[PDB]
Amino acid sequence: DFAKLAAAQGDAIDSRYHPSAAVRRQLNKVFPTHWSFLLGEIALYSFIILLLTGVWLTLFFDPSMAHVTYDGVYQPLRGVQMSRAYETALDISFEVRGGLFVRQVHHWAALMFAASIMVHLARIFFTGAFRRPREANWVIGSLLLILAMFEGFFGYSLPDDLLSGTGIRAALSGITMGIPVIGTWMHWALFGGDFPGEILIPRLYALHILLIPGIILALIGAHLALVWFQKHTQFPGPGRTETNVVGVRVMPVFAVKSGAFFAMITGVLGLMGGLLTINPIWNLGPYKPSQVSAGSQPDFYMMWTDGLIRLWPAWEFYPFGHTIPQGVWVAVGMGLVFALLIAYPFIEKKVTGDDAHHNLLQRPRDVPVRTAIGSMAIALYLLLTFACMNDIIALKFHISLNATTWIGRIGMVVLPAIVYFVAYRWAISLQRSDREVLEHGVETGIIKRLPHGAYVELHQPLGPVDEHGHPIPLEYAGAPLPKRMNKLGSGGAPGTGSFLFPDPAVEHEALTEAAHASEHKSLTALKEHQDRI
Amino acid sequence: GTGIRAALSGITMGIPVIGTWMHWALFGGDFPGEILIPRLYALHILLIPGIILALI
Amino acid sequence: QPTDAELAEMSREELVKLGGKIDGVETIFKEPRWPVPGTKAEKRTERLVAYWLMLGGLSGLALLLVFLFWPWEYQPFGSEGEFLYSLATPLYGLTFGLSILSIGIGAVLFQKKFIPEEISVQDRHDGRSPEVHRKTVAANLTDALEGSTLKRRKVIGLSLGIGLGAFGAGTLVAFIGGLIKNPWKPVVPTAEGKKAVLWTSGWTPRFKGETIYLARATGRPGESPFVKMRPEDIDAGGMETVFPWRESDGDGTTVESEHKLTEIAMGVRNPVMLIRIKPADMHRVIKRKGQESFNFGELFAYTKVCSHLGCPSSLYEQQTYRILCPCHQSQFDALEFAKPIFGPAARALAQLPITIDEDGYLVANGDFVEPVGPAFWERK
Amino acid sequence: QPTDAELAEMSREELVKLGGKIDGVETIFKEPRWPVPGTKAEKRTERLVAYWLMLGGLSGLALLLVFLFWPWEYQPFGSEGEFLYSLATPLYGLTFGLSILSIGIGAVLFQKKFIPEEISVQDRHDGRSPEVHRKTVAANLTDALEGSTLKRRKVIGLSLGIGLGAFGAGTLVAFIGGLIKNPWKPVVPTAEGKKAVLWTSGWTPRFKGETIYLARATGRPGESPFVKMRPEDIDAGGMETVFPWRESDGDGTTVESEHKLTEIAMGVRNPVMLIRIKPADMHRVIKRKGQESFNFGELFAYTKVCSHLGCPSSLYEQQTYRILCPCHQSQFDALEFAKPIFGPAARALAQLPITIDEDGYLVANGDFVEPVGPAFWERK
Amino acid sequence: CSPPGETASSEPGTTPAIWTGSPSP
Ligand SMILES: [C]C([C])=[C][C][C]/C([C])=[C]/[C][C]/C([C])=[C]/[C][C]/C([C])=[C]/[C][C]/C([C])=[C]/[C][C]/C([C])=[C]/[C][C]/C([C])=[C]/[C][C]/C([C])=[C]/[C][C]/C([C])=[C]/[C]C1=C([C])C(=O)[C@]23=C(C1=O)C1=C4C56(=[C]2)[C@]2([C])=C35([C]/[C]=C(\[C])[C][C]/[C]=C(\[C])[C][C]/[C]=C(\[C])[C][C]/[C]=C(\[C])[C][C]/[C]=C(\[C])[C][C]/[C]=C(\[C])[C][C]/[C]=C(\[C])[C][C]/[C]=C(\[C])[C][C][C]=C([C])[C])[C@]1(=O)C461=C([C]=[C][C]=[C]1)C2=O
Ligand SMILES: [C]C([C])=[C][C][C]/C([C])=[C]/[C][C]/C([C])=[C]/[C][C]/C([C])=[C]/[C][C]/C([C])=[C]/[C][C]/C([C])=[C]/[C][C]/C([C])=[C]/[C][C]/C([C])=[C]/[C][C]/C([C])=[C]/[C]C1=C([C])C(=O)[C@]23=C(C1=O)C1=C4C56(=[C]2)[C@]2([C])=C35([C]/[C]=C(\[C])[C][C]/[C]=C(\[C])[C][C]/[C]=C(\[C])[C][C]/[C]=C(\[C])[C][C]/[C]=C(\[C])[C][C]/[C]=C(\[C])[C][C]/[C]=C(\[C])[C][C]/[C]=C(\[C])[C][C][C]=C([C])[C])[C@]1(=O)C461=C([C]=[C][C]=[C]1)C2=O
Ligand SMILES: CCCCCCCCCCC(=O)OC[C@H]1O[C@H](O[C@@H]2[C@H](O)[C@@H](O)[C@H](O)[C@@H](O[C@H]3O[C@H](CO[C@H]4O[C@H](CO[C@H]5O[C@H](CO)[C@@H](O)[C@H](O)[C@@H]5O[C@H]5O[C@H](CO)[C@@H](O)[C@H](O)[C@@H]5O)[C@@H](O)[C@H](O)[C@@H]4O)[C@@H](O)[C@H](O)[C@@H]3O)[C@@H]2OP(=O)(O)OC[C@@H](COC(=O)CCCCCCCC[C@H](C)CC)OC(=O)CCCCCCCCCC)[C@@H](O)[C@@H](O)[C@@H]1O
Ligand SMILES: CCCCCCCCCCCCCCCC(=O)O[C@H](COC(=O)CCCCCCC[C@@H](C)CCCCCCCCC)COP(=O)(O)O[C@H]1[C@H](O)[C@H](O)[C@@H](O)[C@@H](O)[C@@H]1O
Ligand code: HEM
Ligand code: HEM
Ligand SMILES: CCCCCCCCCCCCCC(=O)O[C@H](COC(=O)CCCCCCCCCCC)COP(=O)(O)O
Ligand code: FES
Ligand code: FES
């Protein structure tokens, strides 16, 4: 019945499309199981949730700048003039059952999408996963991050509330028009005239629901296809070489783990959507150029840019009756940052001279200069991000606002230098900590007094020993070293049973023996594969 | 709009048992309403063309 | 490469191993999770997985039941239903998020406790492809190009390059041309002819001697959103936002008046801060050149638009006389012609000249003498 | 399977043949287009291809030049520019369309005049896969399922099925639930309480004795789009569209009046045809039961909404007394209580009862006695 | 750089004249 049906459908599919060999190649593909290789798929799942909830939102949203009088249920805004966009954003959150939940899941998913992209980028950079043959795919990811930043910005600009409209007036309108020679032409091409105009929100809506997400989808497809057919990197370890992939096959283990991780990410984003308020636009009011509120932060992934605006000094030039205003610096700065991010693999292969194929990753401690540089970059990013929140920090943490500006200004130079130096020394220090275990074995923490009164700590050797009993020094192999005896199995196991009642002793004995035999067989399999290759 | 009133609105509401429910789900109420053109726009520039692109 | 009768005599395990070998994959370790059968620990673990999946099912049913029957509609402030309404979206998120969260946990546990533990090794076969494939694909492409004879037909090659270039150029220009707009096209009627938008605002006179009142927002939409203002309406230490209003703009009862007042409210270079200096502080006022008579006694009027990037710079500290912009923390000295003293702003806020008319209402005494708002390449 | 030094001694042609053979493709015929060199026909054909590509280039440049410099802006009727404006879009299409067409033609010609003619045979390896692949992929899938042990964990299997079902049900209901609306919710105020939308129109009285005037459309969008009318305002053989107007929704000068008049104009069950039939034809009128007094002498009022599918059925033939719907050709007999005599309509048009007030203006004399417009499951 | 069209003055200034206002919108 259920088996004959599967065989019949399988034969029908195979006689018509003969996919057996290609499907089997997909089922046998091996992926490494490292926890940090799951960071990219948080971004993928966030993007999928964004697509689903965004499609739901487009069924109710009218992105018009046409001014109307609010006639809905939210009493504190009755009679207030607003755009159709603000109108329908309110209608979603009050007049459609589940609309507020969908809207909040969309916005939380956008935040998790940007944050996931950042953390996954950090893994790629610090482990060296960008090196050849994978330079292009770092470039594709860099473009994906830029597109995600601007997509999220356009998305939260759509409701045309006071806060987001203030963000549009300063960043999208002010910086753009400040651009030299072509600034005002770019402004009038984008807005159709002066700010705010009547075309901006419908145009941003078209960019946000179709055009930018289509480019993102195409780039994500290229990205995942490159990963799939270039065969994911791995960390050094037992049995791992430059020419193999150690891990699990797709069918069934990796497929089950991916599906379960997708379900758990969805659960977290769903709990956030209905437990934490995000962007309650009815409290902000519709956008009016005469109004503003304290605390005009953008979403976090834009804050650094805003932070840069806050920190850069009022340096302007007035050549021959023209004006180059302060915001131009910020624009140039952004370009520079992006250009340095896209170009990093080629910069590093030019500096280091290393142009070899690489499939084995580097532990971040073992590349101290790149780790120091990335730590320096993260320090600058965090300083600019917190500079953007300097007014909130001043209010909550009792710091002068002027002082926060100057702390950001000086720290923008000093903090990355300090962080670079500290991260460099810390990475080399971890290298020395690994060396110590390699020469002496694992410190067990057990102190012993010898008969003549010496105090010695017992060590657990990781390899062969002498006739004197000291271990032979082992060579570093790019892989982590154990430093706790409990992580080597010294603690044993409690004893089989439920939490409150023991199982029969014979069951416990059989289970423990089977577990030890299985662990030994797995170690032996990896060892003999390593010995053979 | 004459085509919309007759075909999309008139035929739909005439369906037995759930015709008016389908009409009020699609239009958000009676014809013409205020949501129809934005919803059709979303269907037309993204959703239907995306399904078409996948099927092609 | 076995045969059809050798395949029919293979067990599943040998077939799995052969399929892996064809694909370059060897499973070097593979063991069932419970080699000893009939153990209480296995039944306990089975029940643990089932418990997580059952929690997922119960919470999914709870999502169904709360979405149908929880009171979801907005309730106003201080009403009896406001508290239950405030839990609707939280309950949606709790029942949805828990459900799929519990199913994911249960599936993770099933993989970890019941699906066999596995180590598999795949050969990469990466780098340059075998020489046969490189040579044959290169020969294919080179034969296509050289066989076509396109390289030795230079009139055709040049014509194709020029024609494709011209078509692409024309198509690109026609595709983006509709977006391009001259920002300096004169479109705004003023007392001395049409002017470009950025040089003007609601304070630009439309004819010589036009009376433009400093109008204040009543906050009631329609029904006179803007009214005239008198100098005694503001105390020393007070600040009010004023807008450029004309008698002909009306009270917003008609449709045309309402559209005019909407254009007043939405004009980005319109809002003005009117401050009244304390008379004891008038000796500390420094005037800007060309603006020495722009104040009506102890009343000063500056643009509310920040000169840095256009935010409403409206945090007016009456004792320090400091105008703070909330966006990027620029500070302007109201006593020294709104000159910037902190932040990214390099330019002072424009001063509006003000006076009173015969009825004693505050009116503008002309236009700004410089462009208002953020700077641009073309300015000054 | 040759070797790296055998590959290096192959010509391009042998490498092309080898690459094809690996792919299952044999080129059985392949010959150059001009075996005899130096002929005038080859140079002539080269020039023909070049001519088409050059036409493409010239027309692409022409597209650029006309998009930049042709007068593109709309010119009004009877103006001096109107002719040249009328050619703007045609020229854009002529220069664009010609350009990419000429290039296309040129490429076609190149393919069939210079690229070698070939016949290639690729064999299909279609149908069922080789038995090795079928059996290995089946073993892989069966081993996954069987080694998972999911088939014999029935508590886990039922829990997973029920949990996934419940989560999917809850998610599906919450995803579509916001769209679902009860059509029969009472939302419309009437003289006997709240009613569902489809039972009402602008002709439904909002209180007992409310005076609803038959209003004519003046065509002036702003000032007074609807005015009262008198029985002598229309001749015998005339027909006018009237709308339900209350004295309390005004002449559209205020914003609220304008919104009220917009909802009058856009109400889908609002428009009414008022016909005055010739006195000599009054003996031909047959009244509908319940509607014998709905006419004011020779003035009859029917809904302008067609009962078939809701189009304005407004083609009024005064001599045949036929009301023709333009959409699907239904015909209604005006002398016969607008009953259908042709087309897909099965139901008569609803009659509005009409009378006059003390000033002699035509007013409604109550509501329609049946629902107006297209039918639905819930009707009658 | 400093904006060239922004300088302090020492001239005191006079009280502005009452606004009269010309006709013809
Ligand atoms: C020197 C010289 C030489 C010269 C010079 C000259 C010149 C310079 C010139 C100038 C000119 C110019 C340039 C001009 C220009 C103009 C302009 C500019 C204008 C415009 C403007 C603008 C602005 C625009 C733009 C806008 C936009 C955006 C738009 C959009 C558009 C789009 C997107 C589109 C798309 C399209 C598509 C995709 C399509 C495709 C199609 C196809 C595929 C087809 C094919 C076919 C098939 C399949 C088949 O099968 C067939 C066929 C066909 O056709 C035919 C026939 C048949 C069959 C069959 C089958 C058939 C078919 C076949 C065929 C055809 C096949 C073919 C194929 C091939 C060839 C293959 C090839 C391959 C390759 C090589 C690959 C390569 C690679 C690479 C490199 C890639 C790269 C990339 C990149 C760069 C990236 C980029 C990025 C981006 C930006 C993206 C974006 C996007 C978007 C927007 C969105 C989208 C999205 C989506 C869709 C999603 C997706 C995603 C995923 C995947 C996940 C038949 O046909 C037959 C048959 C039998 C009998 C008969 C016939 C058979 O069988
Ligand atoms: C009895 C039992 C058992 C039970 C029962 C229970 C129940 C019943 C339950 C109930 C529940 C339910 C049902 C519920 C429901 C709920 C609801 C209803 C709700 C909702 C509502 C609604 C209305 C909604 C809807 C709306 C909408 C429309 C929406 C939309 C959505 C969408 C569209 C979405 C999409 C998504 C996607 C596409 C995604 C994908 C993703 C992926 C692909 C991934 C994967 C991956 C990759 C690639 C890679 O590579 C990787 C990964 C991943 O993940 C990971 C990792 C790594 C890597 C790597 C590489 C990695 C990755 C991997 C992986 C994951 C892979 C995997 C894969 C696989 C598995 C493969 C498989 C295959 C196969 C088998 C195939 C099959 C076939 C077929 C059959 C097909 C069919 C189809 C059809 C049917 C069609 C349909 C149609 C339609 C409708 C369409 C539509 C559409 C639309 C809308 C639009 C779209 C468009 C577009 C896009 C365009 C396109 C086009 C073209 C193409 C031209 C990893 O991860 C790693 C690694 C390493 C280390 C670590 C990791 C590696 O390496
Ligand atoms: C190469 C880059 C490196 C840098 C070096 C190269 C550039 C350095 C060289 C120069 C250059 O920058 O050019 C580029 C720019 O060009 C065009 O800018 C020019 C000019 O520069 C602007 O300053 C000027 O402002 C524009 O006039 C507009 O205002 C005028 C008024 O203003 C004056 O008054 C202002 C304020 O005061 C008054 O305020 C209001 C004005 O009414 C009123 O309130 C009131 O009257 C008040 O006055 C008071 O005065 C007294 C008080 O004491 C008393 O009398 C009274 O009390 C009274 O009240 C000041 O603030 C201003 O500064 C100014 O002084 C109006 O008169 C106009 O009608 C209009 O509105 C003007 O435009 P136009 O004349 O329309 O066009 C001409 C032509 C440009 O010529 C060129 O050389 C182009 C070639 C060189 C540039 C590169 C391009 C070529 C290279 C190739 C294409 C590359 C392959 O156009 C164009 O082809 C531009 C096309 C687009 C660019 C393509 C680039 C390529 C695209 C791809 C990248 C605009 O297009 C700009 O967007 C553009 O950037
Ligand atoms: C215990 C009941 C459910 C049993 C469980 C399974 C059934 C549920 C499936 C669908 C979920 C429905 C939940 C959504 C809520 C609900 O049920 O609405 C109630 C309406 O009465 C009802 O019993 C609704 C019954 C459903 C009738 C089905 C209609 C027929 C189909 C044709 C409609 C088209 C759907 C698309 C599929 C077509 C495919 C064709 C190929 C309240 O009416 P009301 O308050 O007037 O309107 C409010 C707004 O004002 C407020 O803005 C907001 O929109 C809501 O609050 C809304 O309810
Ligand atoms: C939308 C944003 C992105 C998504 C959804 C995404 C997704 C993924 C996924 C799932 C993987 C494979 C699994 C893993 O190692 O984590 C991956 C790999 C990769 N990503 Fe990303 N990525 C994004 C952006 C980026 C960024 C910003 C970079 C770096 C600039 C980058 C570079 C890479 C590289 C080099 C790999 C392959 C690494 C390897 O084999 O180990 N990606 N990406
Ligand atoms: C990279 C993907 C995306 C990101 C980062 C993103 C981000 C955002 C953000 C932050 C908002 C503001 C949410 C709020 O109201 O509080 C928003 C609004 C919106 N987004 Fe998205 N979005 C993405 C993709 C999509 C897609 C594919 C669609 C269309 C299917 C979409 C449709 C909408 C709509 C209609 C709104 C306006 C309604 C509203 O604000 O509630 N989004 N987006
Ligand atoms: C995806 C829709 C249908 C899914 C059913 C197909 C998979 C089961 C069929 C084969 C396994 C059982 C043994 C068997 O019937 O052997 C054979 C069927 O399998 C084949 O030979 C071809 C299967 C290839 C198609 C699979 C593509 C995608 C399926 C993946 C779904 C997770 C028939 O056995 P027999 O001829 O009796 O020796
Ligand atoms: S907008 Fe005022 S400081 Fe930036
Ligand atoms: S709508 Fe009148 S005949 Fe169809």
Side-chain angles (χ1 to χ4, degrees), chain A residues 18 21-22 25 132-133 135-136 225-226 229-231 243 355-357, chain C residues 1 22-24 123-164, chain D residues 1-50 52-53 103-126 130:
Chain A
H18 49 82
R25 269 187 308 270
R132 86 175 285 154
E135 299 101 326
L226 283 169
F229 286 112
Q230 285 196 297
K231 278 192 199 72
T243 61
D355 211 318
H357 207 96
Chain C
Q1 285 73 77
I22 293 164
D23 291 338
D123 306 322
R124 286 183 187 271
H125 294 121
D126 76 320
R128 280 172 194 82
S129 71
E131 207 58 59
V132 65
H133 301 306
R134 293 166 51 94
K135 295 296 267 294
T136 45
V137 69
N140 191 289
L141 291 166
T142 299
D143 190 84
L145 177 63
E146 168 74 23
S148 83
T149 68
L150 180 62
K151 289 191 288 180
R152 60 183 176 89
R153 306 191 184 286
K154 274 166 217 273
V155 75
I156 287 177
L158 278 157
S159 290
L160 179 66
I162 285 172
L164 274 171
Chain D
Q1 286 73 77
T3 61
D4 213 322
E6 281 162 310
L7 290 170
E9 72 194 355
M10 286 186 196
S11 70
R12 207 204 289 122
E13 279 78 31
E14 320 188 286
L15 285 175
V16 165
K17 283 180 178 289
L18 166 62
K21 188 175 85 171
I22 293 165
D23 291 338
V25 175
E26 191 196 354
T27 296
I28 64 171
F29 174 77
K30 174 89 158 308
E31 289 307 3
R33 285 273 190 201
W34 303 93
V36 186
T39 68
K40 280 176 177 196
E42 192 189 346
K43 294 181 176 67
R44 201 155 50 233
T45 306
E46 211 180 336
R47 289 196 303 268
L48 171 68
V49 173
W52 274 111
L53 301 177
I103 290 153
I105 288 162
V108 178
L109 286 172
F110 192 79
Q111 173 266 314
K112 54 181 61 198
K113 300 304 150 144
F114 295 105
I115 299 181
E117 186 200 333
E118 86 179 13
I119 301 163
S120 290
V121 189
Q122 175 164 35
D123 65 25
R124 318 192 184 213
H125 303 280
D126 77 316

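Heavy-atom basis, side chains included; hydrogens, waters and symmetry copies ignored. First the proteins, then the strands, lettered A, B, ... as listed; each starts at 1.
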Fill in the blank from the handout: The side-chain hydrogen bond (donor to acceptor under 3.5 Å, both in side chains) partners of C:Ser129 (sequence neighbours excluded) come to none
Handout entry: Worked check of side chain to side chain contact (heavy atoms under 4.5 Å, CB included) between D:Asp23 and C:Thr136
Key = CA-CA 11 Å; D:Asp23 291 338; C:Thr136 45; over 6 Å; no
Got a list of side-chain donor-acceptor pairs under 3.5 Å for residues 104-120 of chain D, not counting sequence neighbours?
from     : atom 1 : to       : atom 2 : distance (Å)
D:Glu118 : OE2    : D:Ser120 : OG     : 3.3
D:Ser120 : OG     : D:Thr27  : OG1    : 3.0

Exercise for the section: Could you list the residues that satisfy side-chain hydrogen bond (donor to acceptor under 3.5 Å, both in side chains) with D:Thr45, not counting sequence neighbours? Expected result: none
Exercise for the section: Sequence neighbours left out, what passes side-chain hydrogen bond (donor to acceptor under 3.5 Å, both in side chains) with C:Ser148? Give chain and number order. Expected result: none
Problem - Within residues 2-13 of chain D or reaching into it, pairs that qualify as salt bridge (charged side-chain N to carboxylate O under 4.0 Å, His left out) - sequence neighbours excluded - result: none
Problem - Flag, side chain of A:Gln230 to backbone of A:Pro133, donor-acceptor distance under 3.5 Å - result: yes
Handout entry: Residues which pass side-chain hydrogen bond (donor to acceptor under 3.5 Å, both in side chains) with D:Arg33, listed by chain and number, not counting sequence neighbours
Key = none
Practice task
Output the distance between atom CD (D:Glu42) and atom CD (D:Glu46), rounded to the nearest 0.5 Å.
Solution key: 6.5 Å
Completion exercise
Residues passing the side chain to side chain contact (heavy atoms under 4.5 Å, CB included) test with A:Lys231, sequence neighbours excluded, are A:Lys29, A:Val245, C:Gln122, C:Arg124
Exercise for the section: Applying side chain to side chain contact (heavy atoms under 4.5 Å, CB included), name anything that partners A:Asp355, two or more places apart in sequence or on another chain. Expected result: A:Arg132, A:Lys349
Problem - Residues that C:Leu160 engages under side chain to side chain contact (heavy atoms under 4.5 Å, CB included), provided they are two or more places apart - result: C:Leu164, D:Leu53
Practice task
Only counting residues at least two apart or in another chain, list the ones meeting salt bridge (charged side-chain N to carboxylate O under 4.0 Å, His left out) with A:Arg25.
Solution key: none
Completion exercise
Residue set satisfying side chain to side chain contact (heavy atoms under 4.5 Å, CB included) with D:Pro32, at least two apart, ordered chain then number -> none
Practice task
Could you pull out the closest heavy-atom pair between D:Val16 and C:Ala139, with the gap in Å?
Solution key: CG2-O, 3.6 Å
Handout entry: Any pair counted as salt bridge (charged side-chain N to carboxylate O under 4.0 Å, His left out), so long as it reaches residues 125-147 of chain C, sequence neighbours left out
Key = C:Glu131-C:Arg134, C:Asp143-D:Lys30, C:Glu146-C:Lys151
Problem - Between CG on residue D:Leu18 and CG on residue C:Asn140, distance to nearest 0.5 Å - result: 11.5 Å
